[PDB]
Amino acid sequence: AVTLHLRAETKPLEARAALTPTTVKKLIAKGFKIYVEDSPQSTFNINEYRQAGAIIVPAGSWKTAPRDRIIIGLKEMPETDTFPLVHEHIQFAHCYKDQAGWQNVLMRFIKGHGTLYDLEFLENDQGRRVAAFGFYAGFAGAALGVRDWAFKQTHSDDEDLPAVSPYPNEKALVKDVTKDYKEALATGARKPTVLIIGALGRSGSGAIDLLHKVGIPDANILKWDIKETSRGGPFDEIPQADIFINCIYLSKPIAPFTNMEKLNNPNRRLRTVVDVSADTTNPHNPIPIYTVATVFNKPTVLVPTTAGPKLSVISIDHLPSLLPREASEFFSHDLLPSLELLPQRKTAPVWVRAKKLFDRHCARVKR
């Protein structure tokens, strides 16, 4: 049989779960044994998992679980966990693109003889991702960006966009954003132009979807992707946009989309940068204008400019947790076919590809 163990998330404010109660109920009917840690931050009630058939165990009991259990979780391990990782782990580890500290992430697996099957690199035969939160991120990102832009029209510069909390549904999020937005227009603010780079992807789509729902007109949205950026940055259309939303998948080293020089300019219209891609700790980050990773409880950081109006960056790295329950159901449904193959993970290509990718990255690590 396969035994799975759903780890309680420890990333602050992370409310999503990698397996939902439905997903657990379906896996049990397929013969899996499933443990679920009682999580204080999860949007799901522990009783939904009880009724699904999960064995309920305490938060962080994965650490002492039998070595045959596959530990599944969404987000990073705490930096302060330094002991060897001995299980097979399914999670997002963000350590295959030379993010700051990537060697330390992998070294725990190397010392424990564990295996990382990274959620981002689970792909079908045709090179496409099997499960992805991108749409919910571009959506949530675009919502906070429009909210920030609107705030800057109706509030003192002294003030920053206040803490956000997760929403019970998209309708309620769109209602908040639409209020702030109409309120700013009512006072004479010009309808914003929004520049989206990576517009054709998952998060680009979610961001266009939000902008439509809130009532920004198609003409006001510049939808850029690889065509439009082949000339290479930095670009002039960024400082002249009202809102810039970065939705690229950064894979190759590229010329930065803008810089401090271009932004220090009295005639800059740009008020809000939504860095959805959020390759903040990447050495090739094509948005080197900030260094802070913002969080729901403090969602914007000031980009200190020497000319032009107050500009802020949003760089929350788990935007989909603004809408935790449906984001989780969406992702787990799309993940399920792969998880059903875990009994055969030694031969199933989706799993094997991911194991071989892990071994090649571990080979790059200094010993």
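The first residue of the shown sequence is 1; numbering continues from there.
> Using only the Cα atoms and their B-factors as the entry lists them, report which of 143 to 151 and 157 to 165 averages higher.
Comparing 143 to 151 with 157 to 165, the higher mean C-alpha B-factor belongs to 157 to 165.
> Looking only at CA atoms, which has the higher mean B factor in the entry: 201 to 209 or 188 to 196?
It is 188 to 196 that shows the higher mean C-alpha B-factor.
> Just grab whichever of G112, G73, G233, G134 has the top CA B-factor as deposited.
Of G112, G73, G233, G134, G233 has the highest C-alpha B-factor.
> Between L106, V174, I221, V86, which carries the biggest CA temperature factor in the record?
Max CA B-factor in the entry, restricted to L106, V174, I221, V86: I221.
> Divide the modelled residues of the chain into thirds by Cα B-factor and specify which third, lowest, middle or highest, holds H284.
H284: CA B-factor falls in the highest third of its chain.
> Sorting the chain's CA B-factors, does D334 end up in the lowest, middle or highest third?
CA B-factor rank for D334: lowest third.
> Among the chain's modelled residues, which third holds the C-alpha B-factor of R353?
Within its chain, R353 is a lowest-third residue by C-alpha B-factor, going by the deposited values.
> Of the three thirds of its chain by CA temperature factor, lowest, middle or highest, which one includes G101?
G101: CA B-factor falls in the middle third of its chain.
> Where does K179 sit by CA temperature factor within its chain: lowest, middle or highest third?
It belongs to the middle third of the chain when residues are ordered by C-alpha B-factor.
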